[PDB]
**Student:** 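Take this structure, written in structure tokens, and hold onto it; I'll ask about it next.
Naming convention: chains lettered A, B, ... in sequence-line order (proteins, then strands); numbering from 1 in each chain. What's counted below: heavy atoms across the whole structure, side chains too, no hydrogens, waters or symmetry copies.
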Amino acid sequence: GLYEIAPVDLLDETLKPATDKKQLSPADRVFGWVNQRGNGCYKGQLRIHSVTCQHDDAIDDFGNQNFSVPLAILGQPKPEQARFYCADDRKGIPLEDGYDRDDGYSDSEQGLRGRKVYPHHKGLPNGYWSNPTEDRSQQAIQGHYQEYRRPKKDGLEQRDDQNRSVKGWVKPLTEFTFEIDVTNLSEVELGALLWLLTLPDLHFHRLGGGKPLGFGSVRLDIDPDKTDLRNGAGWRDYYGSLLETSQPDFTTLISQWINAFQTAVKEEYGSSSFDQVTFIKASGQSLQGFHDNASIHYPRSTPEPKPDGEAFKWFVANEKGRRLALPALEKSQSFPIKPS
Amino acid sequence: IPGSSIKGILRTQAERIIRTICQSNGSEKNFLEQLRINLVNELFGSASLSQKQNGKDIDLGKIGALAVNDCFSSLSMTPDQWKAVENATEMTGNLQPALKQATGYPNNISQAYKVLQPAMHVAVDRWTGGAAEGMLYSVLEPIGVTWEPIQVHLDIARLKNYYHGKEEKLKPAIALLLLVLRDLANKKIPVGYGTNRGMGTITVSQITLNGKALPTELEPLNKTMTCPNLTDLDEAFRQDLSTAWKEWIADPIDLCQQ
Amino acid sequence: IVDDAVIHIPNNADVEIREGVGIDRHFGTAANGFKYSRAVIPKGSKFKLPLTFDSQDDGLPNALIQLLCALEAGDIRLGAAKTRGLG
RNA sequence: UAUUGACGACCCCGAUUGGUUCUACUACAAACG
């Protein structure tokens with residue numbers, strides 16, 4: 001069957017990519033925009049540059065240059081799973097459990113679930129990433145299976161054309177420095193950026209590939225001694241002379257800019273608290289990871305990642321069972337392994 | 001790197017400095033009007049545009065006193081070696097020999113790709129992840145191409161003619177140019193394609209100012225600078241320029257009108 | 001007397017085409033209409049200096065010797081886009 | 001009344017600006033004490 005509404009129709013016109021210069025949202029100004037439908041483009045006010053690795057031996061040669069870990073299966077996203085990708089409201093609330101699939105992309109008052117994020121894999125034990133050529137996928141070492149590695153079948157590597165393999169990776173605890181050059185950011189636009197770059201402890205960004213498998217969790221923090229932010233008044237002083245002159249101390253203002261951002265979110269997405277705003281609470285849970293120590297892995301009908309990888313049959317059991325939808329991210333609810 | 005490109009980035013930063021000081025916006029002006037602002041009209045030049053002032057007819061156009069020369073790499077290829085790259089069809093296929101050939105490392109893809117590196121990029125769809133349909137593209141990033149020095153040429157004689165001979169009127173244009181070079185050295189001016197998208201940042205390790213028959217007060221320009229912040233130029237000279245610069249900022253007249 | 005001088009492009013390299021764009025100073029992006037291209041003679045290309053001087057005075061003028069010095073110094077520029085890379 | 005039973009990759013560039021503005025003959029030698 002075909003659902004009755006196309007997903008584009010379950011997204012509000014104010015959330016679709018911008019079609020003209022006057023509908024540029026904050027990221028379309030900060031990071032820039034090109035119209036996908038006609039004329040119109042804007043150079044982004046934010047430039048990332050000067051990325052340097054500090055560590056010389058940053059790359060995990062797993063043992064020999066020819067070694068390679070076979071890397072789970074990174075499958076393609078399938079939004080046909082309406083209980084995962086469709087929202088019962090344009091607030092982004094999940095579908096209700098127990099309803100038949102036809103309920104999915106069914107009414108214009110349905111919504112999309114919004115921006116897909118890969119929550120940090122909190123609580124991965126010591127040695128989880130260690131010695132990754134070893135097929136520890138079939139034992140619950142400290143309560144987790146080696147979820148990032150394709151299991152062996154019959155004792156041989158499953159280097160099929162569904163998975164990729166990697167000859168190495170950047171080790172954990174390796175460090176990169178990069179710089180952001182910003183232009184004409186307002187205090188909200190700047191405070192939003194600096195909030196991301198000054199998240200509290202154990203908030204982690206997700207980067208690169210393999211994010212469903214736990215890869216690419218990174219901590220971003222600012223180096224204040226190499227940061228030089230001034231408003232246009234402070235640049236008139238800088239360009240006022242060829243002699244050196246005092247830069248302002250931006251560290252007195254960083255908290256003010258973050259508050260300017262935070263109060264704007266409280267005011268436009270009406271809440272008594274900033275942290276209770278649903279996309280803020282959801283985003284926070286993504287960066288922080290789930291607290292209940294349940295493992296993060298694709299749905300399957302068995303604790304172990306069995307080698308044949310029949311992840312589809314959890315969805316079969318769910319269809320005949322309690323037809324549960326993907327829980328709201330800020331609710332931190334785990335799925336059962338038997339959705340029935 | 002065309003000199004048209006190095007001149008447009010320098011002009012863009014020069015104009016941005018001028019507009020920043022005067023707090024003068026560029027959003028309402030069309031592009032020909034955006035270009036036409038003070039000091040840059042003499043340094044970088046202005047379009048020929050005859051205008052009736054009042055009975056008298058005047059060309060607003062003047063050639064740039066500032067001229068930039070195309071920049072070229074240390075790295076050369078035979079005309080067919082590059083055609084082997086332009087006409088490669090498979091990134092992991094025939095492109096690999098083409099780049100190994102053209103970089104001069106026919107047997108070290110690693111060394112070859114430390115010079116010219118193919119980079120794949122995706123746009124990731126915001127609800128699904130994965131990749132947006134069609135939005136897969138590749139850049140040949142010249143990550144390790146080495147370049148020749150950029151060569152700019154300021155016709156002091158041409159400026160002095162615009163300022164009707166007055167060598168005292170040079171100092172603001174010189175001051176602007178040194179401010180543009182301070183930004184260039186401080187990575188504030190990226191060059192070329194993709195500057196916001198992983199490319200275009202340069203490191204300036206030396207600027208050599210080398211004028212001939214300069215007027216006696218501009219002669220302290222004859223300097224090899226390696227500090228980005230111009231502190232290799234004599235402070236008494238940088239203060240003299242700063243004084244004339246500040247005098248102009250206080251009243252930013254059209255300095256070639258007399 | 002200055003004659004017309006044919007340009008010998010090295011080997012038989014074809015003319016290059018050079019793209020140009022005006023970048024809007026507000027948006028930082030290609031200004032509408034301001035997209036252009038210029039055919040340019042490569043570099044290394046040679047042409048004759050076709051000069052004849054009829055002297056009525058004796059010797060050769062100083063100003064003309066100075067000119068030939070500037071040519072050997074490479075100080076004279078020719079054609080369009082002299083500030084923007086060329087000539 | 002809900003069973004049958006596991007396999008499988010996709011994306012490969014997309015949108016846009018493509019010229020804009022100025023100079024278009026000027027002095028002459030033939031006219032005029």
**Student:** B:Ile63: what forms a side chain to side chain contact (heavy atoms under 4.5 Å, CB included) with it, not counting sequence neighbours?
**Tutor:** B:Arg158, B:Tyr162, C:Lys82, C:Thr83
**Student:** Can you confirm whether the side chains of A:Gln139 and A:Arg136 place a donor and an acceptor under 3.5 Å from each other?
**Tutor:** no
**Student:** Atom NZ of A:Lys211 and atom CD1 of A:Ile296: how far apart are they, to the nearest 0.5 Å?
**Tutor:** 13.5 Å
**Student:** How close or far is atom P of D:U17 from atom NZ of C:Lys35, stated in whole angstroms?
**Tutor:** 12 Å
**Student:** Please encode protein proximity along nucleotides 4-12 of chain D as a string of B, S and -, counting only heavy-atom distances under 4.0 Å.
**Tutor:** --BBBBSBB
**Student:** Start with the C-alpha gap between C:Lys43 and C:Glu16, add the side-chain angles, then the distance that decides, and say whether salt bridge (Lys or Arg N to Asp or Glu O under 4.0 Å) holds.
**Tutor:** CA-CA 10 Å; C:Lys43 154 180 174 164; C:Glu16 293 177 350; over 6 Å; no
**Student:** Partners of C:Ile76 by side chain to side chain contact (heavy atoms under 4.5 Å, CB included), sequence neighbours excluded?
**Tutor:** C:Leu67, C:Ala70, C:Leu71
**Student:** Just how far, in rounded Å, is P of D:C22 from CD of B:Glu33?
**Tutor:** 11 Å
**Student:** For C:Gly22 and for B:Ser50, find the nucleotide of RNA chain D with the closest heavy atom, then tell me which residue's nucleotide is more 5'.
**Tutor:** C:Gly22
**Student:** What interatomic distance, in whole Å, is found between P of D:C28 and the corresponding atom of D:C32?
**Tutor:** 15 Å
**Student:** With salt bridge (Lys or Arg N to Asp or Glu O under 4.0 Å) as the rule and sequence neighbours excluded, what pairs involving residues 310-325 of chain A come up?
**Tutor:** A:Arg83-A:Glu319, A:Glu310-A:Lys313
**Student:** In terms of side-chain geometry, is the basic nitrogen of A:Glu157 or A:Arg149 positioned less than 4.0 Å from the acidic oxygen of its partner?
**Tutor:** yes
**Student:** Whether A:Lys320 contacts D:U3 is assessed here as follows: a side-chain N or O lying under 4.0 Å from the phosphate OP1 or OP2. Is that the case?
**Tutor:** yes
**Student:** Distance between the P atoms of D:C10 and D:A6, in whole angstroms?
**Tutor:** 22 Å
**Student:** Would you indicate, from the sign of the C1'-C2'-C3'-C4' dihedral, whether D:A6 has a north or a south sugar?
**Tutor:** south
**Student:** What nucleotide, of D:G14, D:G19, D:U21, holds the atom closest to the side chain of A:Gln36?
**Tutor:** D:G14
**Student:** Tell me if the centroids of the rings in A:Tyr298 and A:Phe84 come within less than 6.0 Å of each other.
**Tutor:** no
**Student:** Nearest nucleotide by nearest heavy atom, which residue falls closer to the 5' end of RNA chain D, C:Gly33 or A:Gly40?
**Tutor:** A:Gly40
**Student:** Write down the distance between NZ (B:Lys29) and P (D:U20), rounded to a whole number of angstrom.
**Tutor:** 23 Å
**Student:** Using a 3.5 Å limit on both distances, find every run of at least three consecutive Watson-Crick or G-U pairs that involves RNA chain D.
**Tutor:** none
**Student:** Output the rounded distance in Å from CD (C:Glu19) to P (D:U17).
**Tutor:** 15 Å
**Student:** Side-chain contact test, heavy atoms from C-beta onward, threshold under 4.5 Å: evaluate it for A:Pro305 versus A:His297 and give yes or no.
**Tutor:** no
**Student:** Please state how far atom CZ in C:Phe34 lies from atom P in D:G19, giving the value in whole angstrom units.
**Tutor:** 13 Å
**Student:** Nearest whole angstrom, please: distance from the P of D:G18 to the CG of A:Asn39.
**Tutor:** 9 Å
**Student:** If I take atom NZ from residue A:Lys338 and atom OG1 from residue A:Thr302, how far apart are they, to the nearest 0.5 angstrom?
**Tutor:** 7.0 Å
**Student:** Positive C1'-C2'-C3'-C4' counts as north, negative as south. Which one applies to D:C25?
**Tutor:** north
**Student:** Considering only atom P, compute the distance from D:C7 to D:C11 and round it to an integer number of Å.
**Tutor:** 23 Å
**Student:** Is it the case that A:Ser165 and A:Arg159 place a side-chain donor and acceptor less than 3.5 Å from each other?
**Tutor:** yes
**Student:** Tell me which residues in residues 51-70 of chain B lie within less than 4.0 Å of RNA chain D, going by non-hydrogen atoms.
**Tutor:** none
**Student:** Starting from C1' on D:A15, measure out to NZ on A:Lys21 and report it in whole angstrom.
**Tutor:** 14 Å
**Student:** Please evaluate residues A:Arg150 and A:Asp160 with respect to the criterion salt bridge (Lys or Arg N to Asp or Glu O under 4.0 Å), reporting the C-alpha separation (whole Å), side-chain torsions for both, the decisive distance (0.1 Å), and the verdict.
**Tutor:** CA-CA 10 Å; A:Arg150 184 81 170 106; A:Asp160 61 59; 2.2 Å; yes
**Student:** Grab the NZ-P distance between A:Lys43 and D:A15 for me, whole Å please.
**Tutor:** 23 Å
**Student:** Based on the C1'-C2'-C3'-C4' torsion angle, does the furanose ring of D:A30 adopt a north or a south pucker?
**Tutor:** south
**Student:** If a positive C1'-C2'-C3'-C4' torsion means north (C3'-endo side) and a negative one means south (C2'-endo side), where does D:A24 fall?
**Tutor:** south
**Student:** Report yes or no: do A:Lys78 and A:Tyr85 form a side-chain donor-acceptor pair below 3.5 Å?
**Tutor:** no
